[PDB]
Ligand SMILES: CC[C@H](C)[C@H](N)C(=O)O
Ligand SMILES: [Cl-]
């Protein structure tokens, strides 16, 4: 009768604005606060850290603070930084429940020590509002240029600026009486690295002097930290796909658990982020196993669902990908691996047919981005086009995430290309469509479900008009799915996305399974020999876990970010 844990594996999700510091006091003279903290890489990767932080009070804390077992503190931050300056702002709000809706005026921070034995030292002034939990800080180097990421000194760059619901925090209480606290903080990194910070404070009226002594060690030398690859989260090349999964998934789970759940037992999503990165997707998978989670919804890109699939199979963990389409993944005899989507093979053949039958252009160019998906899809299509005598002029590739297509654009122009197929994902396609119509090509473009999203429209504007896509059918127009569509809307979320539906269908799949056996093997056996009613229709699977008789369907794309037959 425990809740049943399902892993949902997104990609390049923002995550929550506020961080939970949990706060416990085991004695009158000690406060311990626990932190989870992911950084993000100028790449959209996640570097995961866990903090323990210890406050020593020279005088015992009044009884009121102790009688109020777990306090919860929500904190956000911002950092602008050069190689020499930093500028930082913190908002902090205390509550006694995990549900989110003279005192100090000025301070200084001397923050010094070492990172992988590279000494650093910074100094500078700041202010805050002890009533509201706001603080700000400027900091200048007294040595030279940080040869590490300044986002590693974040959080560590003044809890005397908090307050509790009905008064002063313990931290403030301690400043006003003069007896004070000290702070040890310790950070574990997923990659073995380690950071120690010790904090002493003097008070001079309402001004604070912070001393902060910093020992970091065994950061990998081409890690995010030693490499300055750390950024705030900026939307990433697959944020659209992760967001559509999470949406379809959170609706589904609500709707299931309302209907009473599996057999009394409710489902609980445990969110993970693999960044569609091979290594990270392998960190995620090892964590999934270790967390006792036996059913996985996700790994969205082929490139990251392969590496992940190995561990899951190796561990007796069920994995339904609602999104990864490269046929490789179900072509290696794995038994615990299912799909709520089709394959590049059928997706490239659908295209070629629509080009040979219903377009018939004169001069074809085939472009891809060189990854499994894109090249994969271009080879189907090329092969379909070759067999129907279509006049394919050149097949070519580009790097993912360059913004400059002046070379491809001048070349489609020089060679009077009226049609182009682009195997790949929306960022590159977006720029193509847009830098094309800028240069005044009348060229007609085509893409797979990877470009069939609202972000394509966001990048391209009017250029997106007339783009041809292959994509799953529009199940958001099917009357059964009306209720679901309304709920997504109630939440201001966009239900047209296909991964919303595939994801929703993948949970329903898991549902049917779970209703006999909590065992990952019988589920895969059951599902393979039975049809499930889902938001996509009935869903028979085959013995390698591919959906039987899945047809993508070909659609006209529009600058509004909808799509018609
Ligand atoms: C999110 C899925 C992406 C677009 C594609 N189907 C792939 O296998 O990489
Ligand atoms: Cl803290």
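Give the residue that is nearest to ligand 2 (Cβ to nearest atom), with candidates limited to residues of segment 370-395 that are farther than 16 Å from residue 356 by Cα and surrounded by 22 or more Cβ atoms within 10 Å (Cβ to Cβ). Looking at the filtered set, the residue picked out is 373.
Each row is one residue, and each column tells you yes or no for (1) under 30 Å from residue 364 (Cα atoms); (2) surrounded by 23 or more Cβ atoms within 10 Å (Cβ to Cβ).
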position: 290; (1), (2): no, no
position: 294; (1), (2): no, no
position: 299; (1), (2): no, yes
position: 321; (1), (2): no, yes
position: 342; (1), (2): yes, no
position: 346; (1), (2): yes, no
position: 350; (1), (2): yes, no
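Filtered by the rule that a residue be under 28 Å from residue 221 (Cα atoms), in a loop (DSSP other than H, G, I, E, B) and in contact with a strand residue (DSSP E or B) (Cβ under 6 Å, 6 or more places away or on another chain), segment 108-145 gives 142, 143. The requirement of being out of contact with any helix residue (DSSP H, G or I) (no Cβ under 9 Å at 6 or more places or on another chain), surrounded by 14 or more Cβ atoms within 10 Å (Cβ to Cβ) and outside the structural domain of residue 48 (by TED's automatic domain parsing) is satisfied by residue 257. Among the residues of segment 488-532, the ones that are surrounded by fewer than 21 Cβ atoms within 10 Å (Cβ to Cβ) and outside any helix (DSSP H, G or I) come to 14 in all. The single condition among (1) more than 13 Å from ligand 1 (Cβ to nearest atom); (2) over 12 Å from residue 337 (Cα atoms) that residue 314 does not satisfy is (2). Looking across segment 173-188, the residues that are surrounded by fewer than 17 Cβ atoms within 10 Å (Cβ to Cβ) and under 20 Å from residue 131 (Cβ atoms) come down to 176, 177. Flag: residue 333 does not match the condition of being away from ligand 1 (no atom under 16 Å from the Cβ) and part of a helix (DSSP H, G or I).
Within segment 202-234, being out of contact with any helix residue (DSSP H, G or I) (no Cβ under 7 Å at 6 or more places or on another chain), in a loop (DSSP other than H, G, I, E, B) and surrounded by 15 or more Cβ atoms within 10 Å (Cβ to Cβ) holds for 206, 223, 228, 229, 233. If you check 285, 254, 305 for being in a helix (DSSP H, G or I) and within 14 Å of ligand 1 (Cβ to nearest atom), only one passes: 305. Remark: pairs (first residue in segment 326-348, closer than 13 Å to residue 527 by Cβ; second residue within 12 Å of ligand 1 (Cβ to nearest atom) and in a loop (DSSP other than H, G, I, E, B); Cβ separation under 7 Å; 6+ apart in sequence or on different chains) = 340/322. Among the conditions (1) in contact with a strand residue (DSSP E or B) (Cβ under 7 Å, 6 or more places away or on another chain); (2) within 18 Å of residue 225 (Cβ to Cβ), residue 74 misses just one, which is (2). Taking the conditions exactly as written (surrounded by 14 or more Cβ atoms within 10 Å (Cβ to Cβ), in contact with a helix residue (DSSP H, G or I) (Cβ under 6 Å, 6 or more places away or on another chain) and not in a helix (DSSP H, G or I)), does residue 422 satisfy them or not? Here the answer is yes, as residue 422 does meet what is asked. Inside segment 352-363, can you point out the residues that are crowded, with 22+ Cβ neighbours inside 10 Å and not in a helix (DSSP H, G or I)? Within segment 352-363, no residue meets the criteria.
Ideal geometry is used to build each Cβ from the backbone, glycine not excepted, and the neighbour counts take in all protein chains shown. Basis: the model, the stated rules and, where named, an outside source; none is laboratory data.
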